[PDB]
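In: Please find the sequence and an experimentally derived structure below.
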Amino acid sequence: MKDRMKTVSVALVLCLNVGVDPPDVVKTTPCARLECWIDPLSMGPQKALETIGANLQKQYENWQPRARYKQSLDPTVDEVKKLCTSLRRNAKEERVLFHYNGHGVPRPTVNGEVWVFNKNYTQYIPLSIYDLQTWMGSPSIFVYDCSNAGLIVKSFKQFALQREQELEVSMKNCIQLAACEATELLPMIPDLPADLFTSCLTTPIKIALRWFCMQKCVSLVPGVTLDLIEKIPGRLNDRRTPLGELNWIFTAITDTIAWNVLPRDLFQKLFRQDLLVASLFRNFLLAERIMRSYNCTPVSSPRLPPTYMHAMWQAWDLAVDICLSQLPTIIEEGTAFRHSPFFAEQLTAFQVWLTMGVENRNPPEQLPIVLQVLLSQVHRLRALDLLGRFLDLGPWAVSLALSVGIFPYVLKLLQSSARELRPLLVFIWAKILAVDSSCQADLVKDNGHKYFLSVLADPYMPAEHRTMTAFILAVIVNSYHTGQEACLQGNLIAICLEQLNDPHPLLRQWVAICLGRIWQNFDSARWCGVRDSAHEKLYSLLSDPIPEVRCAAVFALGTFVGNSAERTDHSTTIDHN
Amino acid sequence: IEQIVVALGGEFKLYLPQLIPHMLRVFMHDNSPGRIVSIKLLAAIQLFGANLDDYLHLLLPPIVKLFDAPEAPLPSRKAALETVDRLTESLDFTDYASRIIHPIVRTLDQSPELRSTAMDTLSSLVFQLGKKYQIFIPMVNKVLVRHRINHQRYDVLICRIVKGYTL
Amino acid sequence: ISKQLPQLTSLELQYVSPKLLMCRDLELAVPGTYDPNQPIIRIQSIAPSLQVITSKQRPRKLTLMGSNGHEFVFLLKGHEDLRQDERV
């Protein structure tokens, strides 16, 4: 994934204007009023406007804390221009997010204009989409929360085409999210927040539980209501509290659906390049599913096929069903929390796939879920074993596993003190390196070699694992000067000599091969070998019963002799002997 | 009922159960000349829309039973076929593949009038399914060769599914 | 405080006094209603919100729900001695 990118800045434009309704709308008596989970009519206009502005920034910060956030409450054209220009100038070539909420002004127009205020707050001033596109740079992502949001997307694409027509006399990296279709109105039901789309995009679990509590299936759960949901204990980042497990499961399920439905290139583009974009698009699926039931249809710039009917959603409905059943005892009687069986059953299904599915049939559906449990101390061992078994089928399995995004996870487990992960990691890395050899650099830059070395020096390790470690080391140092130097600093020569005479033949062969490779086009290794009496022992393999060991020893000797760069008479004497 | 449906949005879901029994009684016992009440009721069910998610298993059987019977008049049969064709655009028909495909194939024989409408309805389903249709490709083909039924739309889809494309 | 103050237009009992919020079916009679001849009327519960009249003194507008079935509205004053009114 070479085309890395980041987002650095966020601009929050809010056209709220509390207290007055625009001419277009007539509202019911109860009506929906919550904004960012705050009732604007229980306070004064200014305090409510500031509180909403702060809560929105907090909610956005939940998903991206390392960014610069700037607010713009009830603005005018000049302020918007200044803010956008300054943000673009500061960001340079990184990505920028624009967020627009228009719940207090008239609906968009067919001419490609959106409304803002005037300095006196007595009129609505149009603002052309063309100028807004002009002030913003190429890499950008837009979010619209208004009634006829589709018109904005259509006009944006029209002007993007026009800017190419007028060049023959910026959509190439722009993303857009919209809350409605060009001819639809947002729902206003008293039981829902008045900002459904942003709530779905920024606070998935809260609205998910609130929606679940409103369905006809809740009859299967006794004594669960909204008040209990209001007091769910835990934190969104503590994977052991009740409230963190749900977030974990939600992430896993959405990632699985996204991988299963979309084509490869779009999945790589949207779900694996940037964290904020990935989170937004993952919540987009929940937004779609929830809003489909109120006669509404979100829209996006890179169009995606429908996903509201995927089977995995059923699984979600099951998990919640169990978790909320324990709430009364947990909250009232101080009972302990019982962890869910979701991951165990998913792993069981993945295991069931392997027994019969050797052939190249449809791949399994639980690969991303397996990839989501490597870094948990409970399921680490079983998941690693199953992954190792999967990777052995053939090169196609390795290619698929690399494509789904497994590389960074394994590279992070090398920095662990546990003594049980050694053989599993050795097997996985051997299988990976057998196919793609370009990873060697990434192994040396982060000093992973240490790990493998600490396994090759132990005489109690079985011979097969030692052979695999030797193969890994041999592949690492081949045709790579940095690897040569780094492994010489580890004194691989002495360890190679120590185990050169083991009964196991292939171990001898690979040890000889790596020993010959290390001092290829590298004089210091040759000096070390001469000083440490290496070739004298190596001569023994010249009479081994097995021919392949003989050939490996001959290759090692030839490489040893080749390094002699016509140096002084001592090297000449050794070469002649 | 039509006007109320168009008035309320997604909230109509909270009152359909109270009315479902009366719809079931109409389709079962209807003495009207030519069964014009049923046609109007189908016209309304066409509007019902993205509701009916939790009750598609109650209404669907009767409607099917309408367009396979040999004794009923043709207009009602066409109305039922068009009703299913319209409903396919918003709902999901993956759990009832066998419960619509078999009656359609049965109705194909013994009547040449409903040919074009029948296969117009058929092509519609094969598009909400893709790979999930493979099982049925041979069987229906046997009936297609006997009466030599042709349909550009249905033919393109089959080729794309066999080759791995979609539009 | 001078700038924070003017925007307080209402008070929610939950941030102010949960004790009153928890109250239910008390045996205390509604203030200023006891008569030794008529039957007694008790406070069923207190409403959750208080409305603050915009003035310098900022009096509240409390409302109670009696056991009889009718609401009783009151004015809650602070910084004001109210005994000379009783005598008068």
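Out: Everything's here; your move. Numbers count the residues shown, from 1 in each chain, chains lettered A, B, ... in the order given.
In: Give me the buried positions along the helix or strand residue A:250 falls within.
Out: Using DSSP states H and E, residue A:250 sits in helix A:242-261. Neighbour-count burial for helix A:242-261 flags A:242-250, A:252-261 (criterion: 16 or more other CB atoms under 10 Å in any protein chain shown). All C-beta atoms are positioned from the backbone trio N, CA, C, and that covers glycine.
In: can you tell me if whichever helix or strand comes after that helix touches chain B.
Out: Counting by DSSP H and E, the next helix or strand C-terminal to helix A:242-261 is helix A:264-271. No: judged by CB under 8 Å from any CB of the partner chain, helix A:264-271 and chain B are separated, with a smallest distance of 13.6 Å.
In: who are the neighbours of the helix or strand following helix A:264-271, in terms of helices and strands?
Out: Once the chain leaves helix A:264-271, the next helix or strand it forms, by DSSP H and E, is helix A:275-292. Counting contacts by 3 or more CB pairs under 8 Å, 6 or more residues apart in numbering or on different chains; DSSP states H and E, helix A:275-292 packs against strand A:140-145, strand A:174-178, helix A:196-202, helix A:204-212, helix A:242-261, helix A:264-271.
In: can we see that at 6 Å?
Out: helix A:196-202, helix A:204-212 (3 or more CB pairs under 6 Å, 6 or more residues apart in numbering or on different chains; DSSP states H and E).
In: Can you point out the buried residues in the one helix or strand residue A:162 maps to?
Out: Element membership for residue A:162, per DSSP H and E: helix A:149-165. Applying a neighbour-count criterion of 16+ other CB under 10 Å, one finds A:149, A:150, A:151, A:152, A:153, A:155, A:156, A:159 buried in helix A:149-165.
In: Correct me if wrong: the first one contacts residue A:177.
Out: No: proximity of residue A:149 to residue A:177 does not meet the contact threshold set by CB atoms under 6 Å, at 8.7 Å.
In: that older thread, how about the helix holding residue A:250, does it get close to chain B?
Out: No: residues of helix A:242-261 contacting chain B under CB under 6 Å from any CB of the partner chain: none, with a closest distance of 11.5 Å.
In: tell me the SS of the spatially most central residue of chain C?
Out: Geometric centre of chain C, nearest residue: residue C:62, 3.4 Å, by CA atoms, centre = their mean. State at residue C:62, reduced to three classes by DSSP: H, G, I helix; E, B strand; the rest coil: strand.
In: where's it relative to residue C:52, distance?
Out: Distance, residue C:62 to residue C:52, using CB to CB, to the nearest Å: 11 Å.
In: for residue A:48, same thing?
Out: Taking CB to CB, one finds residue A:48 at 16 Å from residue C:52.
In: tally of neighbours for residue C:3?
Out: Using other CB atoms under 10 Å in any protein chain shown, the number of residues around residue C:3 comes to 7.
In: For it, give its distance to residue A:41.
Out: Residue C:3 is 21 Å from residue A:41, by CB to CB.
In: Residue A:368 too?
Out: Between residue A:368 and residue A:41 the distance, using CB to CB, works out to 44 Å.
In: Likewise for residue B:86?
Out: Distance, residue B:86 to residue A:41, using CB to CB: 43 Å.
In: Compare these two and say which one has the larger neighbour count.
Out: Set residue B:86 next to residue A:41 and count neighbours by other CB under 10 Å: residue B:86 wins out with 17 against 11.
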